[PDB]
Amino acid sequence: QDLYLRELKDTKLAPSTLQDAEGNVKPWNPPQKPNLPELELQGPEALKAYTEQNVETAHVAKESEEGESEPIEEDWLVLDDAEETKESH
Amino acid sequence: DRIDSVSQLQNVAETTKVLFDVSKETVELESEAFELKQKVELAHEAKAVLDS
């Protein structure tokens, strides 16, 4: 019937020059051709963390440290504290 | 009483040595855990931007 061609041309003309083909906008004044791929390119970027999580910053954290090559000094300190703890046993 | 108070440091010395070395090495090998943890965080961030 009339609708069988009218609505198909309606949904094949305006959507054609609305997106996918990505050129011009006939039905309504605001264009989404430069809105969804350009202005909304930073949309999720604004929603998410930018320059930290989107770029996955290669934060090279300081490597795990140690006793800094502590000499026998800490050894006899441990000896002394163990001795004074065990003296009252 | 002195005898059965003293008679404990015979078979426990080896246990003390092994526990000391094992605990110290496990504490000081946490570099592997840190590397795995940061890799996990970065993989999670990549997956996060993916579903975003």
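Residues numbered from 1 in each chain as written, not as in the entry; some residues may be left out. Chains lettered and ligands numbered in written order. Part of a larger assembly, values for the part shown. Heavy atoms only, no water.

In the PDB archive, cryo-EM is given as the structure determination method for this entry, at a resolution of 4 Å.

*Asks:* Describe the overall build of chain B, naming the residues involved and giving the relevant values.
*Replies:* In terms of helices and strands, chain B carries three helices and zero strands. Compactness check: chain B gives a C-alpha radius of gyration of 23 Å against a globular reference of 10 Å for 52 residues, more than 25% above the reference. Expressed as a percentage of the 52 residues in chain B, the buried residues total 4%. Of the accessible surface of chain B, which amounts to about 4500 Å², a share of 63% is contributed by carbon and sulfur atoms. Charged side chains in chain B number 6 positive and 12 negative. The centres of these two groups are separated by 1 Å. (Helix = DSSP H or I, 4+ residues; strand = E, 2+ residues; numbered from the N terminus. Rg over C-alpha atoms; globule rule 2.2 N^0.38 Å. Buried < 20%, exposed > 50% of the residue type's maximum accessible area, 1.4 Å probe, protein only. Areas by Shrake-Rupley, 256 points an atom, 1.4 Å probe, with all protein chains shown as cover. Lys, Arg positive; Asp, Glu negative; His and termini not counted. Charge placed at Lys NZ, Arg CZ, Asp CG, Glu CD.)

*Asks:* So, the side chain of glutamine 32 of chain A: which residues are in play, and what are the values?
*Replies:* All names here are of chain A. Structurally, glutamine 32 is set in the loop between helix 1 (2–13) and helix 2 (35–39). Judged by its relative accessible area of 17%, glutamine 32 falls in the buried class. A distance of 3.5 Å separates a polar atom in the side chain of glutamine 32 from a polar atom in the side chain of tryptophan 28. When sequence neighbours within four positions are dropped, the list of residues in contact with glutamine 32 reads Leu18, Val25 and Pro37. (Polar contact = N/O pair within 3.5 Å; in protein donor to acceptor, adjacent residues only side chain to side chain. Contact = heavy atoms within 4.5 Å.)

*Asks:* Before we move on, can you summarise the interface of chain A and chain B with the specific residues and values?
*Replies:* Listed per partner, the contact involves 13 residues of chain A and 11 residues of chain B. Each partner contributes to the roughly 840 Å² buried at the junction of chain A and chain B, and carbon and sulfur atoms together form 55% of this total. On the chain A side of the contact with chain B, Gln53, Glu56 and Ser64 of chain A bury the most area, a combined 50% of that side's loss. Run the count over chain A and chain B and you get zero residue pairs in polar contact. Looking at the side of chain A that touches chain B residue by residue, the classes come out as two nonpolar, six polar and five charged. (Buried area = accessible area lost by both parts, 1.4 Å probe. Nonpolar A, V, L, I, M, F, W, Y, C, P; charged D, E, K, R; others polar.)

*Asks:* Quick one: what's the story with a nonpolar patch on the surface, residue by residue and with numbers?
*Replies:* Taken together, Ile72, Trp76, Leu77 and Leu79 of chain A make up a surface patch of nonpolar side chains, about 440 Å² in accessible area. By secondary structure assignment, the location of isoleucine 72 of chain A is in helix 4 (residues 72–87). (Patch = residues over 30% accessible without salt bridge, like charges linked within 9 Å, V, L, I, M, F, W, Y side chains within 5 Å. Salt bridge = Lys/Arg side-chain N within 4 Å of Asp/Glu carboxyl O.)

*Asks:* Describe in detail the environment of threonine 15 of chain B, supporting the description with residues and values.
*Replies:* Following the sequence through the fold, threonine 15 of chain B ends up in helix 2 (residues 13–28). For the pair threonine 15 of chain B and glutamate 30 of chain B, spaced 15 residues apart in the sequence, the C-alpha separation amounts to 23 Å.

*Asks:* Break down the environment of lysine 62 of chain A for me, with residues and values.
*Replies:* Along the polypeptide, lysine 62 of chain A turns up in the loop between helix 3 (43–47) and helix 4. A sequence separation of 23 residues divides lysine 62 of chain A from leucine 39 of chain A, and the C-alpha atoms of the two residues are 38 Å apart.

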